[PDB]
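As a convention, Cβ positions derive from the backbone with ideal geometry for all residues, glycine included, and neighbour counts pool all protein chains shown. Bear in mind these aren't lab numbers, they're just calculated from the coordinates by the rules spelled out.
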Amino acid sequence: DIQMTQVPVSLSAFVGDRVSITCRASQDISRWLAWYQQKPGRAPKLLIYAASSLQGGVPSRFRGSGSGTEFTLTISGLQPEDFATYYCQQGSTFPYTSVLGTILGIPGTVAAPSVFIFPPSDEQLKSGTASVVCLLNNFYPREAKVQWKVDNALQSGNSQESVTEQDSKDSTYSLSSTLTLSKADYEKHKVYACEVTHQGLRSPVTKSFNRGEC
Amino acid sequence: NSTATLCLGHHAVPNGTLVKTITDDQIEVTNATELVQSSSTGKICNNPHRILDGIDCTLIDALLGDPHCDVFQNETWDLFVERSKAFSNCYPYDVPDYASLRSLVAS
Amino acid sequence: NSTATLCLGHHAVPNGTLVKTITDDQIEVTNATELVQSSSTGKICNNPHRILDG
Amino acid sequence: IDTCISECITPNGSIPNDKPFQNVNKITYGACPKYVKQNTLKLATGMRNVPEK
Amino acid sequence: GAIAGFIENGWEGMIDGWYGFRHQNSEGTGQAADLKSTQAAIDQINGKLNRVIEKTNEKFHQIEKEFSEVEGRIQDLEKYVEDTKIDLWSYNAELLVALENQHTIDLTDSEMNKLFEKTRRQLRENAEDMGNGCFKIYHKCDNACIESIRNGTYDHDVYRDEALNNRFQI
Amino acid sequence: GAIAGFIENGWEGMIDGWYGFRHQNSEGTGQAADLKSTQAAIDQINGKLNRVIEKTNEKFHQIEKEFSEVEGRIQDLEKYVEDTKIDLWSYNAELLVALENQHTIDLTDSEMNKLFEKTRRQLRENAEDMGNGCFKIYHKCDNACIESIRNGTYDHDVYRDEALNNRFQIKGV
Amino acid sequence: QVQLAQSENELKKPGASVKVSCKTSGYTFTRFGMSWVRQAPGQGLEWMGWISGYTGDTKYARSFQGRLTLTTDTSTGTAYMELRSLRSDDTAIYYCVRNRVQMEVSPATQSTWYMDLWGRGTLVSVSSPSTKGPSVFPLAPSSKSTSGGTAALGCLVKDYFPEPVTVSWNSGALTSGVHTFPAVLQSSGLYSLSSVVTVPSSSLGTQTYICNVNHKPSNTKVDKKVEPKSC
Ligand SMILES: *[C@@H]1O[C@H](CO)[C@@H](O)[C@H](O)[C@H]1NC(C)=O
Ligand SMILES: *[C@@H]1O[C@H](CO)[C@@H](O)[C@H](O)[C@H]1NC(C)=O
Ligand SMILES: *[C@@H]1O[C@H](CO)[C@@H](O)[C@H](O)[C@H]1NC(C)=O
Ligand SMILES: *[C@@H]1O[C@H](CO)[C@@H](O)[C@H](O)[C@H]1NC(C)=O
Ligand SMILES: *[C@@H]1O[C@H](CO)[C@@H](O)[C@H](O)[C@H]1NC(C)=O
Ligand SMILES: *[C@@H]1O[C@H](CO)[C@@H](O)[C@H](O)[C@H]1NC(C)=O
């Protein structure tokens, strides 16, 4: 088998920049490689075939280079549609192999998250389970730390987060952390809060709520 | 009957292409492809290479700063295209080892 | 047994070398030898040629 | 000059680089086929042709 | 209206493949292509076609090859170097296609013979080589029996007694 | 546990030689290498290996190939001449190995078939080609009989009547 | 126009097997090959195998040694894949891709040599629980006029299986500021997700906001409303 190795794995470059992606082969491929583009929520699309041949309808900013075992894809003058995940593929021999791929994100200006808190409703307590959610809206960069605090009691092994893909205009992210416990467990404590830490904030901002009151 | 016939064969075409081998100048085959490009569109493709049309100016005239070649100041290229219609319109000059300078700047 | 079987065959190796031909980029073969020197000792041999260090 | 794509460029204009050789011009630029004196070289992509059916 | 094999000719009316079978039996005549032998031949041609066009010789700044004026000794050398280069590459090109073509013609002829021998091996003592690229099968071989030969599942022992009887008894 | 021949199969457990025999008879299974066919193939490979390395290109004073400074027209020519030379020799090397390898693969496959035909010639009408690179010998062939086939002294007339009876029978000969 | 129509999404249990089909259109099914590749949620592409539309010959990946089987129907021109002994890890979207040329000489300098045409994909889900509809809960705007300038409200689509669930606000009227989050897998094995939207605080009392949730597997069509709670 021929192992393919994509180097950048994750990448950030602003619009109008130039960005390079590398693919090194375990064996001699001799020109017969292909690059694919996959936008979020859609199927992969063939970008260039052979080392450098562009597919019909592909602009010209995309430039493929390489031979033998060293291959590269470079994108100049970046545009919003060019932000997607990219995969190289060897077609020299069976088994054909794709790669881990490179994710392309947009680094704009630093934006602090809007932190909001929402208590569990009265319909939810009937089921016998209650969930607390801490919402972070429109921020950059992605690495953001979220910690829950129940009457000053450490939380672990009880929460799950979810992140959106990059949206179209503000080019920022949104996150939702969700802690879930039973009615019985929910009945024990009064104060509930989520502490957020991000590069935009000088200090961790805290939105909280007390149970029994709105 | 008590027997049967089973023949083995290969396909053929009404008129095949002639090719060459080590022993033969002309052997008809079912198909062949040309390996020598002999035709051109007659035009130069502006992509993928950055093409710079000199028009009335040469690389040296542009280098020195001939009045009608002022548009080429701080200009860059992958391939500089020199036209036969090009002319000089400044002070009359000569360049000993012109070829080397032309090659040098072009590179 | 009234009959017998006689098979003819050739040897094989658990893991062979890849080589190139006019038709194939990678065909596994039982053995192969390198024809391109790509390594050096890093030193210059004083024999058989008379070498003069400047 | 025209708006289109071609790796190989010659004084006669751009040419496709699909073939390994070319007869257009010894002067070239980019990923070009090797110049040769022959105007045609046919490579067999099938078996020899025999007439009866 | 006897059928003929590959020795004297090729089969013009054949689009399903490159190599194949033609039969004449109790249920009438028929024809069929051999797909694996066909693709095998094509796979080899693809392989060499790929190798001849592997590597892209990307060259940028080079020496001048045309001269408007008479200079002298250096010009003559530049002309000689290029003229030498072109002759050598033109030789390499002429030779390459000749070697490739000869090999292509041989490997395609080889596939025909491999298919004939594969079939001969199957039939064992139940048939005889008529010499024109055909087999005289010495037993009642209906369409299903013919397909079994083509798809490689023909059991000779089933028809051996019948065939040996037809072959030697007169 | 049927035995299989060379058609689409190799024998991993084989150290005495390159080509050989494998049998199934009254005295059980066995295996043996064919030494002459093995050495014949090797002799051919030695021959071509010798030829590719038979010339020693002894070169002494040559042109300069590296330059510390930008000079001009003559430098460009020196670079071009060498770049040209290297491309032509790199082509010759690539092609040579390809042609040699194809031929080596063919002559080794050829050596196998020659051994098969040699054996087929010996057995005459006493055996049939099973099609997988094996022979069905139609008579009691003990170890000594097999050995005689391998060392090329098998007398077909000795076993002809026995074999022809076993081959061509509809019920009774 | 050339097209690759795949079969509908499937829900299966550990063990068992699946047979995904892929109908071909606009090109001769013969003279071409078909490759199958899969993508697990959040993961990269994985090549499973290839089959010739001409010879029927197959090429498989080491991972699918004897678990995958690729078959073909020349007329009608459709391709199938069969994956046996399913596991939770096998949960992924399976693509059918036109990949090689057959019955004619074609070099590797052509787009057809590579994975030229892709299908929309087919999601197959391997889990133990049965199909279940979602439970929508109201998410009201808390505190004193939220921050002050901008407000956020939403809908919590909890406990449903399998994916996907569609959600819209005011039946497509409200689009700006909307953020539907990707689903998360619970410890129970069920999916859950949230959808929120940012609006001006002044609009809370006057304007009305409705979330329209749709879940085709269970055929659950829910339309819930949220406004500030009466304390
Ligand atoms: C093509 O058919 C045969 C090929 O053997 C040739 O003799 C004939 O002259 C050719 N005819 C035309 C019209 O090219
Ligand atoms: C032999 O080589 C192949 C690749 O050439 C490799 O994948 C395989 O694991 C090797 N086998 C052994 C037994 O080392
Ligand atoms: C290319 O142009 C040259 C002049 O630069 C001319 O002599 C030659 O005939 C032309 N060849 C082709 C194929 O156009
Ligand atoms: C071969 O053809 C026969 C019918 O003549 C059929 O019964 C058998 O299953 C076929 N075998 C294969 C492998 O297709
Ligand atoms: C061949 O082998 C037989 C025993 O099977 C032996 O009698 C005979 O002498 C051998 N011949 C040679 C030339 O070794
Ligand atoms: C020759 O080959 C090309 C490329 O495979 C194919 O398009 C064409 O139909 C072939 N012609 C014949 C007569 O086989």
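What does the charge count near B:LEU6 come to, summing +1 for each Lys or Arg and -1 for each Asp or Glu among other residues with Cβ under 12 Å from its Cβ?
Within the 12 Å Cβ shell, the charges total +1.
Which whole-number percentage describes the relative contact order of chain B, with Cα contacts under 8 Å and a sequence gap of 6 or more?
20 percent
Using all C-alpha to C-alpha distances in chain G, build P(r) with 5 Å bins and read off the rounded percent in each one.
Over chain G, the share of Cα pairs per 5 Å bin runs 1, 6, 12, 14, 13, 11, 10, 9, 8, 6, 5, 3, 2, 1, 0, 0 percent.
Taking only Cα atoms and a 10 Å spring cutoff, compute GNM fluctuations for chain A and point out the largest among A:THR93, A:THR109, A:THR172.
Looking only at A:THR93, A:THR109, A:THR172, the biggest GNM fluctuation is shown by A:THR93.
Counting only trypsin sites (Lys or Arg not before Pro) that sit in a DSSP loop (anything but H, G, I, E, B) with at most 14 other Cβ atoms within 10 Å, what is the longest stretch of chain G containing none of them?
G:1-86
In µm²/s, what is D for chain A at 10 °C and 1.306 mPa s, where D = kT/(6 pi eta Rh) by Stokes-Einstein and Rh is the Kirkwood radius from Cα pairs?
Value of D from the Cα-based Kirkwood radius: 78 µm²/s.
Just the Cα atoms of region F:5-108, one point each, no solvent: what log10 I(q)/I(0) does Debye give at q = 0.12, 0.18, 0.22 Å⁻¹?
Taken in order of the listed q values, log10 I(q)/I(0) reads -0.68, -1.02, -1.23.
What list of ³J(HN,Hα) values in whole Hz, one per residue of region E:154-167 in order, does the Karplus curve 6.51 cos²θ - 1.76 cosθ + 1.60 (θ = phi - 60°) give from phi, with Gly and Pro shown as x?
5, 9, 5, 4, 4, 10, 4, 4, 4, 6, 5, 5, 6, 6
Could you tell me which trypsin sites (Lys or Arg not before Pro) in chain C are loop residues by DSSP with no more than 15 other beta carbons within 10 angstrom of their beta carbon?
Filter output for chain C: C:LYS43, C:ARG50.
Across peptide E:102-110, how many C-beta atoms of other chains are within 10 Å of each residue C-beta, on average?
6
Between E:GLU162 and E:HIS61, with labels modelled 7 Å along Cα→Cβ, what's the label distance in nm to one decimal, could you check?
8.2 nm
Tally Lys and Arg at +1 and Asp and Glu at -1 over the other residues with C-beta under 14 Å from the C-beta of G:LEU86: what net charge comes out?
For residues surrounding G:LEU86, the net value is +3.
Where does the longest stretch of chain A lie that holds no GluC sites (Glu not before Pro) found in a DSSP loop with 15 or fewer other Cβ atoms within 10 Å?
A:1-122
Which of the trypsin sites (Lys or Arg not before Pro) found in region F:7-112 are in a DSSP loop and have at most 15 neighbouring Cβ atoms, other than their own, within 10 Å?
Counting only loop positions with at most 15 other Cβ atoms within 10 Å, the trypsin sites (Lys or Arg not before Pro) in region F:7-112 are F:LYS55, F:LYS59, F:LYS65.
Given C:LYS43/F:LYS85; A:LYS126/G:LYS144; A:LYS190/G:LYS144; E:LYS79/F:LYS55, which pairs have Cα atoms separated by over 23 Å?
Correct reply: C:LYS43/F:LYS85; A:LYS126/G:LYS144; E:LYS79/F:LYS55.
Report the local net charge at E:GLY72: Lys and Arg +1, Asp and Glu -1, summed over other residues whose C-beta lies under 12 Å from its C-beta.
Here the charged neighbours net out to -2.
Provide the convex hull volume over Cα atoms per residue for region G:1-128, in Å³.
Taking only Cα atoms, region G:1-128 has a hull volume of 109 Å³ per residue.
Over region G:1-128, what is the relative contact order in whole percent, taking alpha-carbon pairs under 8 Å and six or more residues apart?
Over region G:1-128, the number comes to 35 percent.
Plugging the Kirkwood radius over Cα pairs into Stokes-Einstein for chain D, at a temperature of 25 °C and a viscosity of 0.890 mPa s, what D comes out in µm²/s?
Translational diffusion coefficient: 185 µm²/s.
Run a plain Debye calculation on region G:129-231 (Cα atoms as equal point scatterers, no solvent) and give log10 I(q)/I(0) at q = 0.14, 0.20, 0.22, 0.23 Å⁻¹, rounded to two decimals, same order as the q list.
For region G:129-231 at q = 0.14, 0.20, 0.22, 0.23 Å⁻¹, log10 I(q)/I(0) is -0.55, -0.98, -1.12, -1.19.
What are the ³J(HN,Hα) values, in whole Hz, obtained from phi via the Karplus relation 6.51 cos²θ - 1.76 cosθ + 1.60 with θ = phi - 60°, for each residue of region G:17-31 in sequence order, with x given for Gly and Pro?
8, 10, 10, 8, 10, 8, 7, 9, 8, x, 8, 6, 4, 5, 6
Reported to two decimal places, what Rg/Rh ratio describes region E:70-129 when computed on Cα atoms with Rh from the Kirkwood expression?
My calculation puts Rg/Rh at 1.59.
If you scale each eigenvalue of the Cα gyration tensor by 5 and take the root, what three semi-axes come out for the protein assembly as shown, rounded to whole angstrom and sorted largest first?
62, 49, 28
What value, in deg cm²/dmol to 500, does the helix sum -39500 (n - 2.57) over DSSP H runs of n ≥ 4 give at 222 nm once divided by the residues of chain A?
Rounded to the nearest 500, the figure is -500 deg cm²/dmol.
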